[PDB]
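Quick notes on the structure that follows.
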Amino acid sequence: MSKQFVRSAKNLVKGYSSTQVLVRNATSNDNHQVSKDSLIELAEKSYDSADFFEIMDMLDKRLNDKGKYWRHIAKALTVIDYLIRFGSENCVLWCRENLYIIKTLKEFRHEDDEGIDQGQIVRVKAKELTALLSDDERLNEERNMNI
Amino acid sequence: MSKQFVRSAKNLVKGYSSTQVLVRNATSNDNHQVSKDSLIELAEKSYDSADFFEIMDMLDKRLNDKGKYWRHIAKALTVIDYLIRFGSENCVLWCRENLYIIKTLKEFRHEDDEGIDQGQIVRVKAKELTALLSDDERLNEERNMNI
Amino acid sequence: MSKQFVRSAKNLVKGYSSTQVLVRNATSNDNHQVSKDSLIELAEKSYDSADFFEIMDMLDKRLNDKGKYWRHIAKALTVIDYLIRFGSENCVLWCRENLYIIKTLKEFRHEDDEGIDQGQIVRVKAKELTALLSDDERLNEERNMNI
Amino acid sequence: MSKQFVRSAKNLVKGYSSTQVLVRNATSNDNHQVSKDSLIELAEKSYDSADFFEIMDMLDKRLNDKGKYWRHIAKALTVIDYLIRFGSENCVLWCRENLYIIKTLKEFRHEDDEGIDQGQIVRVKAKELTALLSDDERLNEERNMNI
Amino acid sequence: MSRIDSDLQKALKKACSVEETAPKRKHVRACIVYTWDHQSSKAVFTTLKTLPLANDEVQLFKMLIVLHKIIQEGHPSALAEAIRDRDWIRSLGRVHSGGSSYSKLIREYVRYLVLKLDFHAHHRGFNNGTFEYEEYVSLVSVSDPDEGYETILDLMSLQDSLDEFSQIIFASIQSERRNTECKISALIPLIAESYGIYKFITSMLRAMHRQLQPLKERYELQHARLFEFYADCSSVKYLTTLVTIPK
Amino acid sequence: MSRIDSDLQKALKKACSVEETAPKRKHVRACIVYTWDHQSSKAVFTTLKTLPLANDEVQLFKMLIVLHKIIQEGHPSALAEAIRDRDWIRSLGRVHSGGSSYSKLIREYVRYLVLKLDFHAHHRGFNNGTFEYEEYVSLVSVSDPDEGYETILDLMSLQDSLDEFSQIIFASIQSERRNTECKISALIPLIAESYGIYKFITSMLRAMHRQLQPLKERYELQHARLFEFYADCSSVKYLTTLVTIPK
Amino acid sequence: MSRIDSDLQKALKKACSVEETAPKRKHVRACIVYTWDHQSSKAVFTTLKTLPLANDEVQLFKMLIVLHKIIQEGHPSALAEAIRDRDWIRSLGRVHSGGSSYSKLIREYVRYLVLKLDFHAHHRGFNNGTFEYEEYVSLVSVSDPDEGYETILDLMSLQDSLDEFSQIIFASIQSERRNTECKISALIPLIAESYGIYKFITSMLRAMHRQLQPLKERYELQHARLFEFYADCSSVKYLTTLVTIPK
């Protein structure tokens, strides 16, 4: 309960846009899987040169985030996979033109939280996502069916 | 969930009577259409001339209320519409004397993009409700059958 | 983890000097044997006649300390043993004048079932340390070589 | 009083080095003109080529900073003006290479009614400071005498 | 001033808000609902007289939109005090002398309100802000039909000035091209009065026509202007949303 | 697009803010300080080309104030990219066709920027946004004094267009009477250039006068216009506050 | 040095800390991502000179790992700057000759890196950190077949030097029983390269052989050396807590 109020206060303090608050609620330490209606709303938003900046800028903050929040990074890679299959061509051109932050995530590693090694979830997503960006012929096939 | 605990906390703090907590729990932001058992309980309670004011003074707070809660104004107009059809004549005499509180709502307006649809539910209930106070032959036919 | 944040909070609240925070972070309940670099830094710092008291007064707090923290008393006896071997002569003159603080520890006793083993580490370090203050030909041979 | 406790709490939370805590405590919203002993300590510290970046990177944060804290920008311009007069040549080489951070301040503006007076202190220090970087014969005469 | 006036004065600051966005229905409602509660309206005019009113023309046009809605919607006292103080309203027509375009909107609105308030004082035994089919006033008018003809022709002279002023607002909207919100808000009470005056002439004309010719040709021109005005309003992409049809 | 451009794009939304208040120095500074950091300016023009720019004329005038300050204040690359893309700037002069008054301010600013950028490309071996007394360019000009005369007469032809455009802004301010803030903000960079161009002609004229007549009579008219323009700015109750004298 | 370089100078200070564990991966991401963002890497090589090195060998030992990762992962400029600064890298091998628990390892990075950079400069026209199938440069290498044979057989002599460097660190881990945490980290860049260099030569050896015998025996000796390395790195299983599983 305390986190749900305190995050709502940090949203007011930083001044966040309704587009940022959506993307931010989608990618949040919260252990719940990112919901299908959230993913398809961010894909639907992508067809707007005013919102596409705010979506990709918040996902680029969350892909950067500290090791304490592997939960952010895992969802952010999930949202990027959905956005390249479903979303506008701008999502793919952006993600191809700064691939290096996704490809660099592929070695990520948080450990001794309770004893386990916690990076593998990030490393599998980043590996298959970087493979999917590199497989331009698989990606343009996937996009052309789903759009 | 936490808004249901917090709402129960605010109902303790302000000290509202159980009849007020029935109305302020009935016409509330949970957005399920108001329950047919609660409507007939308010219509029975209306015959207690001491406890009458607790119902009608809370509906005056909910009809007065901010634009953010168009949800309150729509349900408060529903609870009044039932109370003139099936409640005590004292609810009609009250509602006739200060008709202006509803009659001024006919032009009400709220917006969040598409929020004009929410303003529409308020406006149509205010219009139907003032048509019901104004058609005296309808209201006395309706009340004679309903009693 | 939280004890490492809380310990850093108590070190702010009481306002301890950085030399005290070095000792009270060095001889602490984390139970890793005290670091060889911290021991030689305390032995170098001991030559600053103003900053000397901050080290020795914190070791007097840690030697005085409750039975629950046998861990403090064992490490404080270790830090003193290094400081008479490799620190300034001022640490020997201090430790000689109030020998009784250690010498009284030789009979120390703690219990949690098997806790007699924890009392044993305190007792053997207090016994070795008083043997080192008492063997003047050992201590001046040892100090002449170590300096 | 509580802002002095809270400021000390934020200095723990972000984990700032003691050299950063010296600068971020020196150029701060307490609005007493910055102390002559702190200025000469920063000028001495500037000669440590590892610890240099901690001073200059904090002054880059304080020169970048929001309009609400015109107080920071005025004191940061004061600390830079001392550091080019009496600090290491490395502070001049840094301040010359990114002159634009100060030079862009000359037109700075803040308002709360009469807040134009606060903008004036920022503007005159930025103007004097750029006049000092630009007069090479003044700055090398001034530094030769001051060293 | 007294503490109950302080409750109303909070709303009047926010309804006459500092710039050329709409006057919020929430603050106009707080004044109207006050005006029914305290049975009388001297506090609302005494507030507009003591407000920072003539500070700039944007707030003075907002104040005339709000003051029209309060006379129109409010208790019969709001109009009765406006019948007394129509000369204060007339003084507002002077205070910005028709220079920059926004001042011309003010002067034509003041001329419209002074015509409406002159007509209630002079002519009718009727004192509601919006017009409605008062049976006793209609019966007494048809029982007096040379004055009955003068009543529909004088009430038509208000609908003529209502229509001429609507074209001033539409031309001023179209020449300015952007920031329409207060100007279209000024169309909202004129729309409700345009339908209210139309319903009154229609009901009075029907009564007088059956109680007994050329008033039907005049009615067709006024009706043509009514259907033209609602087509012109249908173009307006915000104003259309809230009224539930400009009828 | 790339992640470093995203840092600049946040500032450009806020500097071209949605309405006719000033473009904040805090967001214009964030673009200028970026332009020095990344040594180059292709990202700032590529952002203005992909912005929701021509959505409405209020933001397009703000964008021309911001773009002038970025060329003037920023790294020599901001001007070098503006020398390449002066035809994109020229296309902005078309996109609102001079109708409602605010569009005329845009067209005269685009004509001024296209004249400035034409002059840097055509004439000078000098590439700073503000003009300043470059010794090598001045020495090479006085060493070539028939082209030296053409340099001061062409640089005076910019100060003539600077002065004519200032009168368009002053007449448009006075006819509109209120909401001056973006229009006076457009005077701020024109003031700094007016002094910068004045200092350059004064220093070039002094050099050419001693290195060797009628240019002193031309200089007295330009100087008279300079002192007239700073008197006209002295009237302006906001603009005067921040510049620390319009010099 | 400029303000953007302060981002990188914080990160290298945390990577080159006084702890004898690995450099945290988050600081190596900050150095690699800086290198990609600024499209040119000279500030990383400059910062690596500014750092206090040799004086406590945990800084120099890690700094050589961190620079190897940066050359491998980073923008192609990191390779171009390493091709120039090979003489500074060679100086790192001299500065702490002998007089240490592991100076042979410090020098073995330097020897490996110098040979790596020699190969990047001469033996191919490509420019990438991890060796991979550049499509045109591969076709040129079969067009010039004996220079392609010398490229891959010399690259095998580098891969034998990569493997002998791994055996050096494994034997040093067999010595450093009481303290090993970073010596596994020194393997990390070698592991990823050893699979990529295997892929690169396997593709080039097969394409060369079929289009143009004992190069198949050389290829199998390197195949066997990969399985020897994969078994050796699995035995030091604590390395898996930093990396993926080696593959």
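Numbering starts fresh at 1 for the residues of each chain in the structure tokens, the chains themselves are lettered A, B, ... in the order given, and ligands are numbered from 1 as they appear.
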Distance query segment 66-79 of chain B at most 7 Å, only C-alpha atoms, self and fewer than 2 positions along chain excluded, as a list in words: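 The neighbour list is residues 27, 28, 29, 31, 34, 39, 59, 62, 63, 81, 82, 83, 110, 118, 121, 122, 125 and 126 of chain B.
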Can I get the selection written as an mmCIF file, in the first residue's frame, with N, CA, C and O atoms?
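part-v6.cif written:
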data_model
loop_
_atom_site.group_PDB
_atom_site.id
_atom_site.type_symbol
_atom_site.label_atom_id
_atom_site.label_comp_id
_atom_site.auth_asym_id
_atom_site.auth_seq_id
_atom_site.Cartn_x
_atom_site.Cartn_y
_atom_site.Cartn_z
ATOM 1 N N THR B 27 -23.722 6.311 -3.380
ATOM 2 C CA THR B 27 -23.450 7.228 -4.514
ATOM 3 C C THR B 27 -21.970 7.508 -4.463
ATOM 4 O O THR B 27 -21.651 8.569 -3.934
ATOM 5 N N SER B 28 -21.127 6.596 -4.923
ATOM 6 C CA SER B 28 -19.663 6.724 -4.771
ATOM 7 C C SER B 28 -18.926 6.336 -6.030
ATOM 8 O O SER B 28 -19.489 5.497 -6.704
ATOM 9 N N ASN B 29 -17.660 6.737 -6.194
ATOM 10 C CA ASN B 29 -16.814 6.544 -7.406
ATOM 11 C C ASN B 29 -16.514 5.101 -7.863
ATOM 12 O O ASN B 29 -15.706 5.005 -8.782
ATOM 13 N N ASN B 31 -18.486 3.225 -9.527
ATOM 14 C CA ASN B 31 -19.087 3.258 -10.869
ATOM 15 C C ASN B 31 -19.949 2.051 -11.291
ATOM 16 O O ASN B 31 -20.389 1.990 -12.434
ATOM 17 N N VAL B 34 -26.175 2.024 -9.109
ATOM 18 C CA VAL B 34 -26.576 1.980 -7.691
ATOM 19 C C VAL B 34 -27.651 0.922 -7.394
ATOM 20 O O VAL B 34 -28.578 0.707 -8.173
ATOM 21 N N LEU B 39 -31.695 1.621 -2.861
ATOM 22 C CA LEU B 39 -32.713 2.601 -3.223
ATOM 23 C C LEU B 39 -34.009 2.431 -2.420
ATOM 24 O O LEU B 39 -34.504 3.401 -1.849
ATOM 25 N N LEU B 59 -27.119 14.118 -0.090
ATOM 26 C CA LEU B 59 -27.395 14.310 -1.510
ATOM 27 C C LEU B 59 -27.192 15.762 -1.935
ATOM 28 O O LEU B 59 -26.767 16.004 -3.051
ATOM 29 N N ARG B 62 -23.412 15.833 -2.432
ATOM 30 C CA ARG B 62 -23.055 15.094 -3.666
ATOM 31 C C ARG B 62 -23.520 15.822 -4.941
ATOM 32 O O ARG B 62 -22.830 15.637 -5.932
ATOM 33 N N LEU B 63 -24.646 16.545 -4.977
ATOM 34 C CA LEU B 63 -25.066 17.391 -6.106
ATOM 35 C C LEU B 63 -24.243 18.680 -6.246
ATOM 36 O O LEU B 63 -24.169 19.252 -7.324
ATOM 37 N N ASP B 81 -34.110 10.640 -8.237
ATOM 38 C CA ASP B 81 -35.155 10.182 -9.159
ATOM 39 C C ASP B 81 -35.940 8.992 -8.581
ATOM 40 O O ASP B 81 -37.170 8.987 -8.580
ATOM 41 N N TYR B 82 -35.247 8.024 -7.980
ATOM 42 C CA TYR B 82 -35.917 6.968 -7.238
ATOM 43 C C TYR B 82 -36.706 7.524 -6.049
ATOM 44 O O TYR B 82 -37.869 7.179 -5.869
ATOM 45 N N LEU B 83 -36.109 8.399 -5.237
ATOM 46 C CA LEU B 83 -36.754 8.932 -4.041
ATOM 47 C C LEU B 83 -38.018 9.732 -4.333
ATOM 48 O O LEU B 83 -38.956 9.629 -3.556
ATOM 49 N N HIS B 110 -17.865 18.361 -18.271
ATOM 50 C CA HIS B 110 -16.548 17.869 -17.843
ATOM 51 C C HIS B 110 -15.742 17.309 -19.022
ATOM 52 O O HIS B 110 -16.329 16.860 -20.001
ATOM 53 N N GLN B 118 -19.283 11.777 -20.376
ATOM 54 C CA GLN B 118 -19.567 11.784 -18.944
ATOM 55 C C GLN B 118 -20.482 12.969 -18.596
ATOM 56 O O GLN B 118 -21.500 12.807 -17.931
ATOM 57 N N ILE B 121 -24.185 11.972 -19.408
ATOM 58 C CA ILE B 121 -24.991 11.221 -18.424
ATOM 59 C C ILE B 121 -25.559 12.138 -17.328
ATOM 60 O O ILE B 121 -26.735 12.035 -16.978
ATOM 61 N N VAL B 122 -24.766 13.103 -16.860
ATOM 62 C CA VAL B 122 -25.241 14.100 -15.892
ATOM 63 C C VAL B 122 -26.384 14.907 -16.481
ATOM 64 O O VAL B 122 -27.456 15.001 -15.893
ATOM 65 N N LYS B 125 -29.825 12.926 -17.039
ATOM 66 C CA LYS B 125 -30.512 12.653 -15.774
ATOM 67 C C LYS B 125 -31.079 13.932 -15.166
ATOM 68 O O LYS B 125 -32.215 13.919 -14.709
ATOM 69 N N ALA B 126 -30.364 15.051 -15.222
ATOM 70 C CA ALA B 126 -30.909 16.315 -14.748
ATOM 71 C C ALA B 126 -32.136 16.764 -15.545
ATOM 72 O O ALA B 126 -33.100 17.248 -14.961
#
Check every residue of chain D for an atom within 12 Å of chain F, counting only C-alpha atoms, and provide those that qualify as a ChimeraX atom specification. /D:60,63-68,70,97-111,113-124,127
Those residues with N, CA, C and O atoms, as a CSV table (one decimal), in the first residue's frame please?
chain,number,residue,atom,x,y,z
D,60,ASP,N,29.6,22.3,-12.1
D,60,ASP,CA,28.8,22.1,-13.3
D,60,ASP,C,27.3,21.8,-13.0
D,60,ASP,O,26.5,22.2,-13.7
D,63,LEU,N,25.8,25.3,-11.6
D,63,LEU,CA,25.7,26.2,-12.7
D,63,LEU,C,24.5,25.8,-13.7
D,63,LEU,O,24.0,26.7,-14.4
D,64,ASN,N,24.3,24.5,-13.9
D,64,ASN,CA,23.2,24.0,-14.7
D,64,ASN,C,21.8,24.2,-14.1
D,64,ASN,O,20.8,24.2,-14.8
D,65,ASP,N,21.8,24.4,-12.8
D,65,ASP,CA,20.6,24.1,-11.9
D,65,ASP,C,19.4,25.0,-12.2
D,65,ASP,O,19.4,26.0,-12.9
D,66,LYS,N,18.2,24.6,-11.6
D,66,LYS,CA,16.9,25.2,-11.8
D,66,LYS,C,16.9,26.7,-11.5
D,66,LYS,O,17.8,27.1,-10.8
D,67,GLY,N,15.9,27.5,-12.0
D,67,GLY,CA,15.8,28.9,-11.7
D,67,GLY,C,15.4,29.2,-10.3
D,67,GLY,O,15.8,30.2,-9.8
D,68,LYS,N,14.6,28.3,-9.7
D,68,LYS,CA,14.1,28.5,-8.3
D,68,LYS,C,15.3,28.7,-7.4
D,68,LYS,O,15.1,29.5,-6.4
D,70,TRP,N,18.3,30.5,-7.8
D,70,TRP,CA,19.2,31.5,-8.3
D,70,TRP,C,20.4,31.6,-7.3
D,70,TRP,O,21.5,32.0,-7.7
D,97,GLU,N,37.7,25.9,-21.3
D,97,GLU,CA,37.2,25.0,-22.3
D,97,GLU,C,35.7,24.9,-22.4
D,97,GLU,O,35.1,25.0,-23.5
D,98,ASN,N,35.0,24.9,-21.3
D,98,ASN,CA,33.5,25.1,-21.2
D,98,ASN,C,33.1,26.4,-20.6
D,98,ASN,O,32.4,26.5,-19.6
D,99,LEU,N,33.5,27.5,-21.3
D,99,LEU,CA,33.1,28.9,-20.9
D,99,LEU,C,31.6,29.1,-21.1
D,99,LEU,O,31.0,29.8,-20.4
D,100,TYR,N,31.0,28.5,-22.1
D,100,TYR,CA,29.7,28.7,-22.6
D,100,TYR,C,28.7,28.5,-21.4
D,100,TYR,O,27.6,29.1,-21.5
D,101,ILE,N,28.9,27.6,-20.5
D,101,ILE,CA,28.0,27.4,-19.3
D,101,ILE,C,27.8,28.7,-18.5
D,101,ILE,O,26.6,29.0,-18.3
D,102,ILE,N,28.8,29.5,-18.2
D,102,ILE,CA,28.7,30.8,-17.7
D,102,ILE,C,28.3,31.8,-18.7
D,102,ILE,O,27.4,32.6,-18.4
D,103,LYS,N,28.9,31.9,-19.9
D,103,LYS,CA,28.6,32.9,-20.8
D,103,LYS,C,27.1,33.0,-21.2
D,103,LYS,O,26.6,34.1,-21.4
D,104,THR,N,26.4,31.9,-21.3
D,104,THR,CA,25.0,31.8,-21.5
D,104,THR,C,24.2,32.3,-20.3
D,104,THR,O,23.1,32.8,-20.6
D,105,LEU,N,24.7,32.3,-19.1
D,105,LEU,CA,24.0,32.9,-17.9
D,105,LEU,C,23.9,34.4,-18.0
D,105,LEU,O,23.1,35.0,-17.2
D,106,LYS,N,24.7,35.2,-18.7
D,106,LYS,CA,24.6,36.7,-18.8
D,106,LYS,C,23.2,37.2,-19.0
D,106,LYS,O,23.0,38.3,-18.6
D,107,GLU,N,22.3,36.5,-19.6
D,107,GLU,CA,21.0,36.9,-19.9
D,107,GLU,C,19.9,36.3,-19.0
D,107,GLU,O,18.7,36.3,-19.2
D,108,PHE,N,20.4,35.6,-17.9
D,108,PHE,CA,19.5,34.8,-17.0
D,108,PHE,C,18.5,35.7,-16.3
D,108,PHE,O,18.7,36.9,-16.1
D,109,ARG,N,17.3,35.1,-15.9
D,109,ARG,CA,16.2,35.9,-15.5
D,109,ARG,C,15.3,35.1,-14.6
D,109,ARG,O,14.8,34.0,-15.0
D,110,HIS,N,15.0,35.5,-13.4
D,110,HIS,CA,14.0,34.9,-12.4
D,110,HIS,C,13.1,36.0,-11.8
D,110,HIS,O,13.4,37.1,-11.8
D,111,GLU,N,11.9,35.6,-11.5
D,111,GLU,CA,10.8,36.5,-11.0
D,111,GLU,C,9.9,35.9,-9.9
D,111,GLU,O,9.3,34.9,-10.1
D,113,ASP,N,7.9,38.7,-8.2
D,113,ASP,CA,7.8,40.1,-7.9
D,113,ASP,C,9.0,40.6,-7.1
D,113,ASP,O,9.4,40.1,-6.1
D,114,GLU,N,9.7,41.6,-7.7
D,114,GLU,CA,11.1,42.0,-7.4
D,114,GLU,C,12.2,41.0,-7.7
D,114,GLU,O,13.4,41.3,-7.5
D,115,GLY,N,11.9,39.8,-8.2
D,115,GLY,CA,12.9,38.7,-8.5
D,115,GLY,C,13.9,39.1,-9.5
D,115,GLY,O,15.0,38.6,-9.5
D,116,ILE,N,13.6,40.1,-10.3
D,116,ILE,CA,14.6,40.8,-11.2
D,116,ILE,C,15.9,41.3,-10.5
D,116,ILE,O,16.9,41.3,-11.1
D,117,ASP,N,15.8,41.6,-9.2
D,117,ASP,CA,16.9,41.9,-8.4
D,117,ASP,C,17.9,40.7,-8.2
D,117,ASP,O,19.1,40.8,-8.1
D,118,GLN,N,17.3,39.5,-8.0
D,118,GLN,CA,18.0,38.2,-7.9
D,118,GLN,C,18.6,37.9,-9.2
D,118,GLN,O,19.8,37.5,-9.3
D,119,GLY,N,17.9,38.0,-10.3
D,119,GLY,CA,18.5,37.9,-11.6
D,119,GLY,C,19.7,38.8,-11.8
D,119,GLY,O,20.7,38.4,-12.4
D,120,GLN,N,19.7,40.0,-11.3
D,120,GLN,CA,20.8,40.9,-11.4
D,120,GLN,C,22.1,40.4,-10.8
D,120,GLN,O,23.1,40.6,-11.4
D,121,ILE,N,22.0,39.8,-9.6
D,121,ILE,CA,23.3,39.3,-9.0
D,121,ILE,C,23.9,38.2,-9.8
D,121,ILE,O,25.1,38.2,-10.0
D,122,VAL,N,23.1,37.3,-10.4
D,122,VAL,CA,23.6,36.2,-11.3
D,122,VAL,C,24.2,36.9,-12.5
D,122,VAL,O,25.4,36.6,-12.9
D,123,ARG,N,23.5,37.8,-13.2
D,123,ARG,CA,24.0,38.5,-14.4
D,123,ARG,C,25.3,39.2,-14.2
D,123,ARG,O,26.2,39.1,-15.0
D,124,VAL,N,25.5,40.0,-13.1
D,124,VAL,CA,26.7,40.8,-12.9
D,124,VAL,C,27.9,39.9,-12.6
D,124,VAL,O,29.0,40.2,-13.1
D,127,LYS,N,28.9,38.3,-16.0
D,127,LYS,CA,29.6,39.3,-16.8
D,127,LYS,C,31.0,39.6,-16.3
D,127,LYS,O,31.9,39.7,-17.1
What parts of segment 38-124 of chain B does DSSP call helix (DSSP H, G or I)? I'd like the answer as a PyMOL selection string. chain B and resi 38-45+52-64+67-86+89-97+100-107+116-124
Tell me which protein, DNA and RNA residues are within 10 Å of residue 95 of chain E, counting only C-alpha atoms, leaving out same-chain ones fewer than 4 positions away, and put them as JSON, numbers by chain. {"E": [54, 55, 56, 57, 60, 90, 91, 103, 106, 107]}
Report as JSON lines the residues of chain A within 10 Å of chain B, each with its shortest atom pair and distance in Å (one decimal), using only C-alpha atoms, ordered by chain and increasing residue number.
{"residue": "A:1", "atom": "CA", "partner": "B:2", "partner_atom": "CA", "distance": 6.8}
{"residue": "A:2", "atom": "CA", "partner": "B:2", "partner_atom": "CA", "distance": 9.7}
{"residue": "A:4", "atom": "CA", "partner": "B:2", "partner_atom": "CA", "distance": 8.9}
{"residue": "A:5", "atom": "CA", "partner": "B:2", "partner_atom": "CA", "distance": 9.3}
Go ahead and save the picked residues with N, CA, C and O atoms, as a tab-separated table (two decimals), in the first residue's frame.
chain	number	residue	atom	x	y	z
A	1	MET	N	0.82	-1.25	0.00
A	1	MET	CA	0.00	0.00	0.00
A	1	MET	C	0.84	1.28	0.00
A	1	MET	O	0.55	2.19	-0.77
A	2	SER	N	1.89	1.36	0.83
A	2	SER	CA	2.73	2.57	0.89
A	2	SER	C	3.35	2.93	-0.46
A	2	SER	O	3.27	4.09	-0.87
A	4	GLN	N	2.23	2.32	-3.56
A	4	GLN	CA	1.23	2.81	-4.51
A	4	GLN	C	0.89	4.29	-4.30
A	4	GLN	O	0.79	5.05	-5.28
A	5	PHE	N	0.78	4.75	-3.05
A	5	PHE	CA	0.67	6.18	-2.78
A	5	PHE	C	1.97	6.92	-3.08
A	5	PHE	O	1.95	7.91	-3.80
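For the residues E:102, E:149, E:227, E:112, ranking by smallest atom-to-atom distance to chain F using only C-alpha atoms places E:102 first.
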